[PDB]
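Chains as they are written, first to last, in the entry's author numbering: chain B, 77 to 108; chain A, 242 to 363. For reference, the structure is listed below as structure tokens.
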Amino acid sequence: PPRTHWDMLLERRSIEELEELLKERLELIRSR
Amino acid sequence: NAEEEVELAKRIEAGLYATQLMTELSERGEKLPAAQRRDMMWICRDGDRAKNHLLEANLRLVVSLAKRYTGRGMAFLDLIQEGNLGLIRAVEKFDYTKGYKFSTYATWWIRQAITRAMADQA
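Here it is in structure tokens:
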């Protein structure tokens with residue numbers, strides 16, 4: 077089974093980094 | 242542009258993560274409040290849009306590389322097809338934090354897919 081796109085992301089980016097990124101995006105949405 | 246490149250890649254990662262978060266939340270019977278779910282859903286869809294856009298902005302690069310390999314047994318459209326598989330492989334593996342352009346990064350993956358496709362048909 078080939079690695080999915082998520083599998084690849086998980087190799088290079090911590091979940092804490094991903095949370096920070098998601099927050100920065102949620103922010104641009106709500107502004108506004 | 243190199244700048245718009247990074248913005249697209251961030252949107253992709255955020256979208257992937259938003260997707261995973263909702264998937265794993267489902268696996269534990271928990272649901273997000275409707276307001277969160279709506280934003281997560283938007284981020285997920287925005288990520289897929291960013292992926293399509295990054296792909297689209299680099300299809301011409303696939304074509305320029307494929308033209309190097311015409312007239313050697315493989316039809317032009319077949320070169321482009323294989324080149325495109327190289328391109329999405331680069332998209333999924335690309336790391337925007339390193340500092341180099343995506344197009345620079347994709348070049349090797351695109352040539353590789355084309356090269357291996359030509360060797361394996363023969």
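We treat Cβ as the ideally placed atom computed from N, Cα and C, and that holds for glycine.
I want to see whether chain B comes within less than 8 Å of residue i, judged by CB atoms only; does it?
{"i": "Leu257 of chain A", "result": "yes"}
{"i": "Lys251 of chain A", "result": "yes"}
{"i": "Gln261 of chain A", "result": "yes"}
{"i": "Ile284 of chain A", "result": "yes"}
{"i": "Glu254 of chain A", "result": "yes"}
Return no unless some Cβ of chain A is closer than 8 Å to the Cβ of residue i.
{"i": "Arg108 of chain B", "result": "no"}
Are the CB atoms of residue i and residue j nearer to each other than 8 Å?
{"i": "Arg252 of chain A", "j": "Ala291 of chain A", "result": "yes"}
{"i": "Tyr258 of chain A", "j": "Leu102 of chain B", "result": "no"}
{"i": "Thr311 of chain A", "j": "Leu320 of chain A", "result": "yes"}
{"i": "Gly256 of chain A", "j": "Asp280 of chain A", "result": "no"}
Report the CB separation of residue i from residue j in whole angstroms; it is logged as a contact under 8 Å.
{"i": "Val247 of chain A", "j": "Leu296 of chain A", "result": "About 16 Å; that fails the 8 Å criterion."}
{"i": "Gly327 of chain A", "j": "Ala354 of chain A", "result": "3 Å"}
At 8 Å on the CB atoms, spell out the chain B contacts of residue i, in chain order.
{"i": "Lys334 of chain A", "result": "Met84"}
Can you list the residues of chain B that residue i reaches, using a CB-CB cut of under 7 Å?
{"i": "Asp280 of chain A", "result": "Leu102 and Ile105"}
For residue i, which residues of its own chain have a beta-carbon under 7 Å away from its beta-carbon, when the five flanking residues on both sides are left out?
{"i": "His294 of chain A", "result": "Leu249"}
Quick one: what's got a C-beta closer than 6 Å to residue i's C-beta in the same chain, skipping five residues either side?
{"i": "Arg79 of chain B", "result": "none"}
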